[PDB]
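**Q** experimental structure and sequence below, a few questions after.
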Amino acid sequence: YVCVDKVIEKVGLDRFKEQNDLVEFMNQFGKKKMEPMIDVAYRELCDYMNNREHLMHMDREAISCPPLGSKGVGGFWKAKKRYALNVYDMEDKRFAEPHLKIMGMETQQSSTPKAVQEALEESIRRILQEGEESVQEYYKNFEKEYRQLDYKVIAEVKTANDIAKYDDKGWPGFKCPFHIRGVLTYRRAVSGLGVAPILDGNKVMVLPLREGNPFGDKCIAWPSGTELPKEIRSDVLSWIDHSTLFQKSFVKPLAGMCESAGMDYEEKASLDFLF
Amino acid sequence: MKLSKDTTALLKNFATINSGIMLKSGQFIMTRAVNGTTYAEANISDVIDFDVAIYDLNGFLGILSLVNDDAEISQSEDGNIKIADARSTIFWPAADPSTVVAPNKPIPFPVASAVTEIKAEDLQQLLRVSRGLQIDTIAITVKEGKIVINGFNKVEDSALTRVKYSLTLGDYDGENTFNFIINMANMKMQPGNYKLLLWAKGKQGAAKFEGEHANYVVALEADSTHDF
Amino acid sequence: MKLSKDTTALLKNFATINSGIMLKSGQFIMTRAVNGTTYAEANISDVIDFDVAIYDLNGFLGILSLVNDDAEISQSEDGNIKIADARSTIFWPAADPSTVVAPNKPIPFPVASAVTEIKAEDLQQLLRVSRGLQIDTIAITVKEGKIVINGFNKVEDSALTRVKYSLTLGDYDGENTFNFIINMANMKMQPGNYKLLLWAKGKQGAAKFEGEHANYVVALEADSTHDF
Amino acid sequence: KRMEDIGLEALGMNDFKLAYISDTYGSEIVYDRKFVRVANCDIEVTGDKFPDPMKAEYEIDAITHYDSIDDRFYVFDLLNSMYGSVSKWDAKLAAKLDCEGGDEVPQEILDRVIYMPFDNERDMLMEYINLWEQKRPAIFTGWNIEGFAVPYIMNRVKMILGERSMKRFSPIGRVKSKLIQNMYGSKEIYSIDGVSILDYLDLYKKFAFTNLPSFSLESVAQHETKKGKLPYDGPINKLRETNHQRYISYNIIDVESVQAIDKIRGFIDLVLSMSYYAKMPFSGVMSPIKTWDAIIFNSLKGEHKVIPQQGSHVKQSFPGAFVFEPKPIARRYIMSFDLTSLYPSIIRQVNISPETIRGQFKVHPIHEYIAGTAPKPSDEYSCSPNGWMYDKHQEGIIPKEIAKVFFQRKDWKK
């Protein structure tokens, strides 16, 4: 994936008024650069190897370019085989609007829910194409929108096992697992609510809580396919800790790309107000 | 050249603000934060002959404190800083201006949206209890007609809703309310009677700690609010 | 609460025994070691309006020392601790009494086998020389016919026979012999003179330093002997 | 064996089915895809816990077998199970829209659905056995079939009817169970001697060059045909007891979705093409080694040559892929490209067939060849960076096969 931007600035970015013109120019540059250069860079290797003829040759399969007139990065590089690009033309299949080619990140990883998957892919598009303030605004918008989202999807799926080992008279014991801790808190809260108890081997959605809740613990867990009891649903919802979950499900990735793209994911310094 | 003890104190405060320092010719000292969040400027009685960039201002001040107050500091023949005392001569190499964040001009402060007064003891109490109460944010706002400052722990509550330590600044007679947020790792004032000048239009907004010896300017995190 | 500086110093010295505290509503302060090896009591003049549990004492006292002594301390609307100065307030969190380890009932000392008295400079000498001389245990005993002290190095001398510090505590008119063994770290007390109440029975024994402001009680390890 | 143990080499093919098929036909063969019976299967099992294919403890209540030449969706339903008896499926009700109580099965599908209910398990399983007998599939596929379908059906017929009826699946009465699936050693595969099991999940996984977050049938079906199914509620385990109707209809669209994918990809046409181009049994498509052995043997036999005995070597892993080092930097203008058939092209660069080795030469540091500072390893003989040396005028058999296949691909693109 050779990175060639010098030719663009060398020719003069002002010459190009549309993304299509830049794409066409760099396509002609690739056409004039590939065949002679690759032929000369392989004929010496062919005579070194002493074969009948060098079949070995590349092409100009893929291109990528940040949209013209915008301040997006275009393409960054988070880790080995973990990156994103804004491809305009795959193997002479031109796209009227650029298509994002993404891999490595959690956009395709099913450990996180699907809503945050859409949110990550949209954020990736924004950073690649739009620019900084767009990502800041989208951050703030989603951050506002995440709090009132339904508690079912934003609850972590866990497996409830060997509960009796980690309980101490209905209270957390030694090395109580986080999901098991939430199950114990649920059992304490639903003590006298007439609900079916959580069974070993069942699946539970876990909603963590902030320190100091009346339940006296940092998490709760409720059985698979069911809802929180109406009596304690409001008390839980008013006391849930979505902050650390949001960061784990959405903030984590931006940190990597922005640190690897010369980008910031939230700003709290001026640099403007002064000189 | 010759520097007074108060001048060296201002240089040490600027070193706390930023490791490096620009010393242009004149009677003014100026240095901005590495990230540019804070800016410290002051006017000194002494004059300066030549501009110089110092990477290690604190170490240079430590060296300077060991010699007479009347030692002369000038440009050495080897491209460095020469300090001549009555009996001793010190060679401190001069740092490159490009390797240290360099200010250009002091900011002509516009009309302040709010004017407030703070005393030395109250500010010292604020900064001292900030470490003990692990406070990282302070919100300056209006509560029952009183312009006040309040402490907020950002880490445990990003919503900035947990009051931990509130200090009342003074009276505020106006319906133009505001909540301006400061990060504790920015302001580094010297003790003294200081005045706050707060300016804001839309997203734009900054604060100014003006004092008898030096004046500093600090930024506002975007979640600051203001209706004027 | 309006507290005096002397009370702050006394309860600071108390904080060494236990990090937390349970200041019950009343007039009497009382702490026990976390491992239950040393108890400390005192009576003050500032009445306690409500019970409060404090996790970190040292930070609380650091905050207290940086405000006016007339700042009124009470319980906030959320059950926390609100201390209001003349023009400021501080919200120190209040812990649950369950998590903070505190002694349950006020402790009386029944009777001493041989009541003695120790002068302030004696304990001061002992405490400054314990660290320098690398001493890890001490013994109060009868030698020559008089009650004396003996410093021992358990680390090297498992027999605790290598005396390093010796000082005749006083006279001894009786027939009961004893060798109480205590560790200097186990005994933490304010600089001052004290009255020793020393009692024993079977495997179990007591030493007590009664003081003009606060009284301490330390235990005696199994190596202690007492013949009556 | 006897010429092996005397330390002498025997040339030709140890395998004999390939020899028989190559000798019997010889010339290139033609075929009509319509004649070969391609069967599709899918099964739904209601169970308290995840039905485990290896143990097969739960009961089968849903079997949909799609026959190609008869072009029929045979549906076997179990009415009176141990999970409570249920009503009988209705075609016209299912064809209707879901709001009135239907399941939105396309009408042409119900035009071919041959539905049969059964009161007890033994009768339904025996009917499935005799349906297999009457219309023996020639290639028997489905989505994730060797993982959940084939094992479950065969374990259940063994645990209910006995091995004497379990072995009735094959036309030659031989159903041998292979145990390994050495990747994690988790599951077991089955082999019915006479029908070529070909798991459609593996066919898609290997012959698509596409990556998806999940390879479950639903997501890939949505990707391919843009046709999901109506959302449902509750765990699947209770569906049979809530609205069993939908249950059966659910499975009926399940088998079709796969057929839809076939109609978009033509995968079974591909498997027929490869099998009849390599003159080899169907299942060998799963293994590239068998395919290549078959084609190279057929070409060499057409050239009057003999293949050597399969030499026994130990496993010596070699260094993997040269991955470049990425600097975590944003690159705005980045032109990316990869060459075509890198390894196949190199195969003609060094002509590496077993007879083409010609010795070794003096080995330089690899960086010398990277910078080109090393001199020519040989002038009249070809050079490779591994210190080894190969002929230039004698074309290898492997390069000849590469040339033939590449020419065929170019001709067929034309």
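**A** Noted; the coordinates are in hand. Residues are numbered from 1 along each chain as shown, chains lettered A, B, ... in the order given.
**Q** in space, what's closest to residue B:56 - neighbours in sequence excluded?
**A** Spatial nearest neighbour of residue B:56, excluding adjacent residues (CB to CB, 6 or more residues apart in numbering or on different chains): residue B:19 at 6.9 Å. Every residue, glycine included, has its C-beta placed from N, CA and C.
**Q** how about the secondary structure of that neighbour?
**A** coil (DSSP: H, G, I helix; E, B strand; the rest coil).
**Q** neighbours around it, how many?
**A** Neighbourhood size, residue B:19 [other CB atoms under 10 Å in any protein chain shown]: 18.
**Q** quick one: residues contacting it.
**A** If you count contacts by CB atoms under 8 Å, 6 or more residues apart in numbering or on different chains, residue B:19 has them with B:34, B:55, B:56, B:57, B:58, B:100.
**Q** nearest to residue D:413 among those residues?
**A** residue B:34 (61.0 Å; CB to CB).
**Q** just to revisit the earlier point, so can I have TSV of the contacts of residue B:19 showing neighbour count and secondary structure?
**A** Formatted as TSV, the contacts of residue B:19 follow (neighbours: other CB atoms under 10 Å in any protein chain shown; DSSP: H, G, I helix; E, B strand; the rest coil):
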residue	neighbour count	secondary structure
B:34	13	coil
B:55	15	coil
B:56	16	coil
B:57	22	helix
B:58	15	helix
B:100	18	coil
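**Q** if I look at the residue in the stretch 51-200 of chain D that chain C sits nearest to, how far off is residue D:202?
**A** Residue nearest to chain C within the stretch 51-200 of chain D: residue D:184 (45.8 Å; CB to the nearest CB). Applying CB to CB, to the nearest Å, the value for residue D:184 to residue D:202 is 16 Å.
**Q** that older thread, just curious, which of the contacts of residue B:19 is nearest to chain D?
**A** Nearest to chain D among the contacts of residue B:19, with distances taken as CB to the nearest CB, is residue B:34, at 22.2 Å.
**Q** wait, the closest one sits on residue B:18?
**A** Yes: the criterion here is CB atoms under 8 Å, and residue B:34 meets it with residue B:18 at 5.9 Å.
**Q** now the common contact residues for those two.
**A** residue B:101.
**Q** quick check: end-to-end length of stretch A:142-153?
**A** Length of stretch A:142-153, first residue to last, CA to CA, to the nearest Å: 15 Å.
**Q** the residue of chain B found nearest chain A - nearest residue in space that isn't next to it in sequence?
**A** Across chain B, the shortest distance to chain A (CB to the nearest CB) belongs to residue B:219, at 3.6 Å. Leaving out its chain neighbours, the residue that sits closest to residue B:219 by CB to CB, 6+ apart is residue A:270, at 3.6 Å.
**Q** next one: residue D:219
**A** Leaving out its chain neighbours, the residue that sits closest to residue D:219 by CB to CB, 6+ apart is residue D:212, at 6.1 Å.
**Q** what residues are up against the spatially most central residue of chain A?
**A** Chain A has residue A:120 as the residue nearest its centroid, 4.0 Å off, counting by CA atoms, centre = their mean. The contact partners of residue A:120, taken as CB under 8 Å, 6+ apart, are A:105, A:106, A:107, A:112, A:250, A:253.
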